[PDB]
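Quick heads-up: it's one chain on its own, the form deposited in one PDB entry, in structure tokens.
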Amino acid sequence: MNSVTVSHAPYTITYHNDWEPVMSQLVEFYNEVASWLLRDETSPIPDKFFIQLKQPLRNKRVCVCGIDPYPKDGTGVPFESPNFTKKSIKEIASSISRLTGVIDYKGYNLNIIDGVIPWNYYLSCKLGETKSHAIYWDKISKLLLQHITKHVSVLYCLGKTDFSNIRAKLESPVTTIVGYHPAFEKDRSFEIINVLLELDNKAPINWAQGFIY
């Protein structure tokens, strides 16, 4: 674990070594933009913007990616709903339920699954307003996704419209599935990932690991 300083909130950004190559420039960028961003009340709170950089990449082979945080109640961990109230994580969980067969769970969290990194493309939004901070995160979102793509061998993207042309942001031909936003083809997406992983000679994902009991 390392740490860097930025001019505006949250002042200190704590990151895992794997992200080193990218921080210098993330700081340049955030310093240009935080000024405005922070004038809006955000989801998540600024202290939580970057907590997912505390996550290692070395041990990750899938990235499950959505466009930006939940309009309200973002925790800084993508997809996470601690009280299991958010529509998107609940639907993901029904999906995983049906593949695995596990039907008696209490919640679900993509961020506790081995080899998986859940990700928000944009790192914050204005409270109640989806994609409202796209222009602030723009180059940062790109910088980071390219970095994640150097480590994972499958990028799974939720949202046909937004990620229709996600390839245009990438510097390699990484395997990329573009599914629907969480709103029965989704099942097929989580299983094809494992098919692809094996064909490519890699360990599959135990999606049942996400379950909270």
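The numbering used is simple: start at 1 and walk along the sequence shown. By rigid core we mean the largest C-alpha set that fits within 1.5 Å across both forms. Only residues modelled in both forms are compared.
Participant: Look at the stretch from residue 183 to residue 184 and count the residues of the deposited sequence that the entry does not model, then pick none, 1 to 3, 4 to 9, or 10 or more.
Facilitator: The entry leaves 4 to 9 residues without coordinates here.
Participant: When the C-alpha temperature factors are averaged for each of 114-122 and 85-93, which stretch ends up with the higher value in the entry?
Facilitator: The stretch with the larger mean CA B-factor is 85-93.
Participant: Hey, which bit's got the bigger mean C-alpha B factor in the entry, 99-107 or 139-147?
Facilitator: That would be 99-107.
Participant: Among 177, 57, 63, 26, single out the one with the highest C-alpha B factor in the record, please.
Facilitator: Going by the entry's C-alpha B-factors, 26 comes out highest.
Participant: For residue 190, does the deposited CA B-factor place it in the lowest, middle or highest third of the chain?
Facilitator: Answer is highest: the recorded C-alpha B-factor places it there.
Participant: Place residue 153 in the lowest, middle or highest third of its chain's C-alpha B-factors, as listed in the PDB entry.
Facilitator: Its C-alpha B-factor, which the entry lists for residue 153, ranks in the lowest third among residues of this chain.
Participant: Hey, what third does residue 49 fall into on Cα B-factor, ranked over its chain?
Facilitator: According to the entry, residue 49 has a C-alpha B-factor in the chain's lowest third.
Participant: For residue 30, return the chain-relative third of its C-alpha B-factor as stated in the PDB record: lowest, middle or highest.
Facilitator: CA B-factor rank for residue 30: middle third.
One more form of this protein, deposited in another entry, exists but is not displayed; see below.
Participant: Which residue in 54, 169, 48, 151 stands out, with a C-alpha shift of 2 Å or more between the shown form and the other one when both forms are set on the rigid core?
Facilitator: That would be 169.
Participant: Closer or farther: how do the CA atoms of residue 193 and residue 166 lie in the other form, compared with the form shown, if the change is at least 3 Å?
Facilitator: Relative to this form, farther apart in the other form.
Participant: Given that the CA-CA distance for residue 167 and residue 203 shifts by 3 Å or more in the other form, does it become closer or farther?
Facilitator: Distance between the C-alphas of residue 167 and residue 203: longer in the other form, by 3 Å or more.
Participant: Among residues found in both forms, what runs of at least 3 in a row have Cα shifts of 2 Å or more between the shown form and the other one after core fitting?
Facilitator: Flagged stretch (3+ res, CA at least 2 Å): just 162-169.
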